[PDB]
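Inspection log for the structure reproduced underneath, given as structure tokens.
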Amino acid sequence: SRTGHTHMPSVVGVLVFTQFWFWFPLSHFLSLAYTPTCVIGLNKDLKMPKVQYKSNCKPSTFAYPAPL
Amino acid sequence: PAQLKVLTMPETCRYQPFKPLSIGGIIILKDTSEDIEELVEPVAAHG
Amino acid sequence: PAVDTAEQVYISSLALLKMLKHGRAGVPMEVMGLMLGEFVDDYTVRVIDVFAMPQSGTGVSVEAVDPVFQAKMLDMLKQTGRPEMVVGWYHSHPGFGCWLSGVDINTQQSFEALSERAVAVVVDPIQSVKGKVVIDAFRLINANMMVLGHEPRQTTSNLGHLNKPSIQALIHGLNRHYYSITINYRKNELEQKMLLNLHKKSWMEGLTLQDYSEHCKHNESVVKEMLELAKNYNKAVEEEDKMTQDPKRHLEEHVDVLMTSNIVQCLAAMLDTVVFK
Amino acid sequence: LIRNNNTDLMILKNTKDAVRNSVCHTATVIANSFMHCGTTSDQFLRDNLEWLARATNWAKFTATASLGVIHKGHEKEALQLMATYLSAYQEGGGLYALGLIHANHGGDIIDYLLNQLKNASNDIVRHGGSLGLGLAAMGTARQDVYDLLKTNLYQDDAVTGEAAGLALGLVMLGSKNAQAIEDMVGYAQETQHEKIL
Amino acid sequence: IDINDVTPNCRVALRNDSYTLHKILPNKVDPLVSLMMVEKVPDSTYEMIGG
Amino acid sequence: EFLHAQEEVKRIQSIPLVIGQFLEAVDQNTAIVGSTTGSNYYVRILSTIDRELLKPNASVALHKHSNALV
């Protein structure tokens, strides 16, 4: 996880997915290994308020891929 | 995740991070100024 | 309900030995026999044992099944304590690779009609030379499915594949008319030990001494060959250095054989001379 | 994710056009599942119906599981959503997809999955429900769930036994339950199905 | 392989029992005529001839 | 594991081989042979057969089924 603790859902999903060689239906287990790369701001009311973050880098190194 | 060591907010707006924008995930942005405090709409879950 | 490409035939060690023995015990004839075993659930064909069939004269075909013989031995083995159904049939194709001919397809079709999960096993005694056991297992495909276009055999797991189908079988219809099945072997530890007993070396052999006269003669042969190789090695290295291998490799082999043989015999000599007194 | 659902569809369309085999077909199914995972958007599947209809046998199971993964994290419309989306492979895949939607955080739907797995008739539905229950109860170590999964394992059928074992592992995850270890190891040493192994 | 590479009259290898052209062997040269070609020049020289 | 490999090589280099005539060296570890059976094949040369000693139209011995210039 973001702090350092081993992410049990992630490890379980990765292991079971790797165990697809013997059973394709297990391939979906990897779904558990996805961690949303989101930094979400929340306030006292617990309702996500409109806020603007600033990052100091070019708008090319972390942007979505070209649409092709 | 590499783009977390360098991440902040402009001119320290009404919302100030509780913990620096390096751990990431979810942050309880403390509020100082009182205003309308417009929320973000709950978009429908179909795409 | 379509068979997937994970079904596997677990041929017992006894079954394999009997099959190969019969093939080489009747080559060049197309020997035939039944395969007694038990389908487990849907993806296994556990061939416990095989079943030699008398030479029927008419090559290999349904006419060679001899139902009276088949049934009577079935009952008699069941009495002995071997109650298994007739899972598939094996028959050899001496020299001519592994695949099914027209008569083979007809016989396999009859077997499938009797029970549509049996198999047809092909063994080639001539090409199953030392170190290579060229055996194959096959089952037929249905014309209705083939015309419909749906693949003959489902693929739910990465197993079943991992094998390169022989071009011989491709030509003879490895997919147009039938399809191959993976062959696994149920090697029990006890059977593996009893097989090891074949070439297992007795303690006499282990602790004996090689003849000293022959030992000296072999040492001389190898040492003289090593001398010649050393001359060639010098020539090669000198010419290489002046300008700026096989002799070195042969020299290494000869030195290794000399060292191992001499040390082995000397140690055995001491073991014997202070064990037997 | 739904807000930042900036997926790409025409690359998937190109792969779909390039597919010829069932293996590649299910590969595209799973790839679309991954691409839309956590997005709850099933545009590609809801568009290419004939493509889904081409799926046969366990491909249907995999496709329904893909739908579940796409609807990962979407627990408000569960039950009714899966009923609306709708053979034995279809039902098993639906149960497994519901289990995947209700990931490690299970809870309410544990009793649901348990009841359907209990009163599931076909071994394929048993397999799907067992996998879904394993997903839902992963780490919870619920004794009732473990007992039901052990009962579903104590048979002789690869399709049921594989899912039963995997679900037993998921539910007993980390608990180190010595009784569970003994039971599963004994059944492994005694059974006669490599897939159950 | 290419058709423009298998332009006529060139030895080509064929896979067994399938006869699938899969190589461009060197142009045919009959054995017992291949060896009719001086590979090691004799040691004679015009300096060894007088008159 | 490297052992058993020399063994399998020496075993494929068996006794019942068939004699033939090595016609030309198409490329490294491969060549054209003509088996005394009366037909020409494009077969694979084993390793360590002294390519220097493998001159055109020489007498070679081939595997009985693979026809490799053993």
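For clarity, chains are labelled A, B, C, D, E and F in written order, and residue numbers in each chain start from 1.
Just so it is clear, a contact is a pair of C-beta atoms (placed from the backbone, for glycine too) under 8 Å apart; a residue touches a chain by one contact, two chains touch by 3 or more.
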item: Chain F and chain A - chains in contact with each; value: C
item: Central chain (distance from its CA mean to the mean of all protein CA atoms); value: C
item: Chain centre separation in whole Å, for chain E relative to chain D (CA means); value: 64
item: Centroid spacing, where centroids are CA-atom means, of chain D and chain F in whole angstrom; value: 55
item: Whole-Å separation of chain centres (CA-atom averages), chain C against chain F; value: 24
item: Intercentroid distance (Cα basis), chain F paired with chain E, Å; value: 19
item: Residue list for chain E, restricted to those that touch at least two other chains; value: none
item: Contacts with 2+ other chains: residues of chain B; value: none
item: Where chain F touches two or more other chains at once, by residue number; value: none
item: Chain-to-chain touches, reported pairwise for every pair that qualifies; value: A-B, A-C, A-D, B-D, C-D, C-E, C-F, E-F
item: Residues of chain A that touch chain B when the two form their complex; value: 2-3, 37-45, 47-57, 61-62
item: Chain F to chain C touching residues, read off their complex; value: 8, 11, 14, 65
item: Chain C-facing residues of chain A, complex; value: 20-25
item: Sites on chain C touched by chain F in the complex; value: 127, 129-131
item: In the complex, chain D residues that touch chain B; value: 2-3, 5, 39-43, 74
